[PDB]
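This report concerns only the one structure given below.
Cβ atoms come from the backbone with ideal geometry, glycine included; neighbour counts cover every protein chain shown. Basis: the model, the stated rules and, where named, an outside source; no laboratory instrument gave them.
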Amino acid sequence: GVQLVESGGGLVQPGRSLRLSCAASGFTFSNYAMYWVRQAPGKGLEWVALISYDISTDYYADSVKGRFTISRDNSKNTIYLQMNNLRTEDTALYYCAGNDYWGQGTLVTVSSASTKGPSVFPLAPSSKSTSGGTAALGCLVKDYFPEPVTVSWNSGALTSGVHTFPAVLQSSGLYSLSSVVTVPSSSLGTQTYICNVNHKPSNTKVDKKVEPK
Amino acid sequence: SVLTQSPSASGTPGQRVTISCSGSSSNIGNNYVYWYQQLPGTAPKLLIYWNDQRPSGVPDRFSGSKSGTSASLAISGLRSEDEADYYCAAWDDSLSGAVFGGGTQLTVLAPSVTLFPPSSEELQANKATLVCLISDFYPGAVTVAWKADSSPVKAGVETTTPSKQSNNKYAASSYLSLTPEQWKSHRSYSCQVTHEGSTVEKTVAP
Amino acid sequence: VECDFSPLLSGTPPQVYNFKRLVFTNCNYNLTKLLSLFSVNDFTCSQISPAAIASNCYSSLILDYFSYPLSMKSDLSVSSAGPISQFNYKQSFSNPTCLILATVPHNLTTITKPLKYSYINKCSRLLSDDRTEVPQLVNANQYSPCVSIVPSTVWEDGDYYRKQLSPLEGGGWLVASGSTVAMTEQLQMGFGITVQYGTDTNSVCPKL
């Protein structure tokens, strides 16, 4: 099937440059014209640039005119967004997705200014767990800039009951998010619940076991 | 030059809604109009191509209309899974560019609480965070208040917006930032959730 | 109450690629009452039978109609290539359908004949590598992508129609060609039925 994967996202100083890549599969790449679209945090969609199927005609939005350069390799089936003179307004999720098929974008967060590994403390349950009832546990991922941080449970084997909440920006300027799961209480002493936390922008991988104190 | 969309729309299950998209002649009229849906936390998906064509998989419930200066998306038999943001797109031959609409957020019409104290690890890192977790509430509206012993706390309180869960109920989280000294020195700390005027409170002590 | 098949009988039926669609909910039908007016030559169904479709309660009944020469019967099947099923008309393969090929008798006068039968023999998109052509296939319950550039009557067998595509449309060119078939003594027509079923709304019921 038509698959589209965006690459090249991360932290990149303003007025620096960052080039994004788009791997396509499942269709004749050379036969389709392609798009670049970005979405600032919690904002609406904004078009960036356009390349004809072959590299021929290429058009831009005035927000990126002169700074960004769109390119592709029809022999490598790859799309490129050479962004130059990056700005704070360029902080966005950049999606590469020839209309009729769309891939999961890639985060491009400004410069920014220092940072970081997140710290990952546990949110352990309580002995008072409804004797024969539901309990809840989770992990707390504090003090971190930029987004994103991804938290899974039992290497993905546990999905039922999981809530992963939006990260918040503390007054320090770092983010903090937590991730929770509801579980039976009979299974507290007999099953292993481990959160797999990941902050790619700084390469932090933490697998954390949560158990009662 | 620009595509004007209403920012929001609403309706009941089974109802029919019409989202408008106004533009000009360089964008709409000479070039086709396109319609896309964004569900919470997911990438955009093609809904309507070439003014009025549905790609494979798009249910017949969704339909497009196109006039000279404007375009429209009609949604019959509304469902709760349709609660999402809807965007229209057109070309500026003069500006040589795609232009997006502002998007129309279509909304289709008791909380469970779990409270965690600061971990001993975080106390060892000289930080104390209280975590108050709300899930499975409807409607998506709650009001939260924090307490130190028995007195309110507004310093260091940070609360998220409600988010539609997978089960179409809502989730929200609240954090109280404390020093380990504030944590240990008080008898207790409490989280208070008000929803539909009804209140649920949890308390923790060092 | 009472489903209205009157518009079908008034005027000139459109060509296959411009099929007219009548949508019915919340009424009572008499199907053999309508088919009593025509000489019915072919009547085939999918996931239903000619007997069952005339006597069931549906949540929705869709009736497409158009002029169609009996001679191109075989082109209705999605089997084969067939310009009809590829570029002109395609029924849902998901929902239960029926297809009927009928002649309008002399004693049926309110239905006027067009000059000829027209259809789309080709609907393709010249990719912007201006060498590769990608067929533009009609979807179920949809019209051809080429309906905007093809007139409702094909002028002269072999006519071509092209449109330059804006970059919003993906660029390139839309290319279509039209074909014609001579009018018959009595007009011949095609009818496509699609029905839907559910839980609490099957209000399209046969009249008793």
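Just a few scattered comments:
- The set of residues in the range C:120-129 being surrounded by fewer than 20 Cβ atoms within 10 Å (Cβ to Cβ) and either among the aliphatic types (A, V, I, L, M) or closer than 18 Å to A:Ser75 by Cα (or both) consists of C:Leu126, C:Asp129.
- When each of B:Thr114, B:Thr143, B:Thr203, B:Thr194 is tested for being hydroxyl-bearing (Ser, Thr, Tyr), touching a strand residue (DSSP E or B) at 6+ places or on another chain (Cβ under 7 Å) and crowded, with 18+ Cβ neighbours inside 10 Å, the lone residue that passes is B:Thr114.
- Leading residue by the ranking (nearest to the chain's Cα centre (by Cα)) among those in the range A:87-143 that are facing chain B (nearest Cβ under 8 Å) and not in a strand (DSSP E or B): A:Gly105
- Scope the range C:180-208; condition closer than 23 Å to C:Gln15 by Cα and not in a strand (DSSP E or B); matching residues: C:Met183, C:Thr184, C:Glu185, C:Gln186, C:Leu187
- Residue that is farthest from the chain's Cα centre (by Cα), among those in the range C:126-140 that are within 18 Å of C:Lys90 (Cα to Cα) and part of a loop (DSSP other than H, G, I, E, B): C:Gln136
- Residues in the range C:77-115 that are within 16 Å of the chain's Cα centre (by Cα) and among the charged types (D, E, K, R): C:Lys90 alone.
- So C:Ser67, is it of a type in the set (S, T, N, Q) and surrounded by fewer than 16 Cβ atoms within 10 Å (Cβ to Cβ): no
- Answer residue from the range C:58-78, given it is polar (S, T, N, Q) and in a loop (DSSP other than H, G, I, E, B) and is nearest to C:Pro13 (Cα to Cα) among those: C:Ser77
- From the options A:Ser63, A:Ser71, A:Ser75, residue that is more than 24 Å from B:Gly103 (Cβ to Cβ), among the small types (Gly, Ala, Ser) and in a loop (DSSP other than H, G, I, E, B): A:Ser75
- Matching entry among C:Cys45, C:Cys98 (being in the same structural domain as C:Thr12 (by TED's automatic domain parsing), outside any loop (DSSP other than H, G, I, E, B) and crowded, with 20+ Cβ neighbours inside 10 Å): C:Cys98
- Yes/no for C:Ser177 being touching an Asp or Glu at 6+ places or on another chain (Cβ under 6 Å), outside the structural domain of C:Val78 (by TED's automatic domain parsing) and either assigned to a loop (DSSP other than H, G, I, E, B) or closer than 30 Å to B:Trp91 by Cβ (or both): no
- Of all residues in the range A:146-174, those that are of a type in the set (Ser, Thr, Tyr), surrounded by 15 or more Cβ atoms within 10 Å (Cβ to Cβ) and within 11 Å of another protein chain (Cβ to nearest Cβ) total 1.
- Screening the range B:43-56 for residues that are within 27 Å of the chain's Cα centre (by Cα), within 11 Å of chain A (Cβ to nearest Cβ) and not in a strand (DSSP E or B) and picking the one that is surrounded by the most Cβ atoms within 10 Å (Cβ to Cβ) gives B:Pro44.
- Residues that are under 19 Å from the mean Cα position of the chain (by Cα) and under 18 Å from B:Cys132 (Cβ atoms) within the range A:152-168 comprise A:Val162, A:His163, A:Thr164, A:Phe165, A:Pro166, A:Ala167, A:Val168, listed in sequence order.
- Qualifying residues in the range C:128-149 (those that are closer than 29 Å to A:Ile51 by Cβ and of a type in the set (A, V, I, L, M)) - the one farthest from the other protein chains (Cβ to nearest Cβ): C:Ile149
- Against the list (1) under 21 Å from A:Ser172 (Cβ atoms); (2) in the same structural domain as A:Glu46 (by TED's automatic domain parsing), the condition A:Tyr94 fails is (1).
- Answer residue from the range A:19-32, given it is surrounded by 16 or more Cβ atoms within 10 Å (Cβ to Cβ) and within 15 Å of A:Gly105 (Cα to Cα) and is farthest from the other protein chains (Cβ to nearest Cβ) among those: A:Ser21
- Checked against the criteria, C:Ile84 counts as under 30 Å from C:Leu31 (Cβ atoms), in contact with a helix residue (DSSP H, G or I) (Cβ under 6 Å, 6 or more places away or on another chain) and assigned to a helix (DSSP H, G or I).
- Complete set of residues in the range A:64-86 that are within 14 Å of chain B (Cβ to nearest Cβ), under 15 Å from A:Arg38 (Cα atoms) and surrounded by fewer than 16 Cβ atoms within 10 Å (Cβ to Cβ): A:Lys65
- Within the range B:66-95, the set of residues being within 14 Å of chain C (Cβ to nearest Cβ), surrounded by fewer than 20 Cβ atoms within 10 Å (Cβ to Cβ) and over 18 Å from the mean Cα position of the chain (by Cα) comprises B:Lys66, B:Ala74, B:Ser76, B:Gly77, B:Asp93, B:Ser94, B:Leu95.
- In the range A:33-53, residue surrounded by the fewest Cβ atoms within 10 Å (Cβ to Cβ) [restricted to those that are at the interface with another protein chain (Cβ under 10 Å from one of its Cβ atoms), in a loop (DSSP other than H, G, I, E, B) and of a type outside the set (D, E, K, R)]: A:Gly42
- Scanning the range B:117-140 for residues that are closer than 29 Å to B:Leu73 by Cα and either of a type in the set (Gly, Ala, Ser) or surrounded by 21 or more Cβ atoms within 10 Å (Cβ to Cβ) (or both) yields one hit, B:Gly140.
- Considering only residues in the range C:150-174 that are within 12 Å of another protein chain (Cβ to nearest Cβ) and in a strand (DSSP E or B), the one that is farthest from C:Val40 (Cα to Cα) turns out to be C:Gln164.
- Each residue in the range A:1-60 was checked for being more than 30 Å from B:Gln5 (Cβ to Cβ), of a type in the set (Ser, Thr, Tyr) and over 22 Å from the mean Cα position of the chain (by Cα), and 3 of them qualify.
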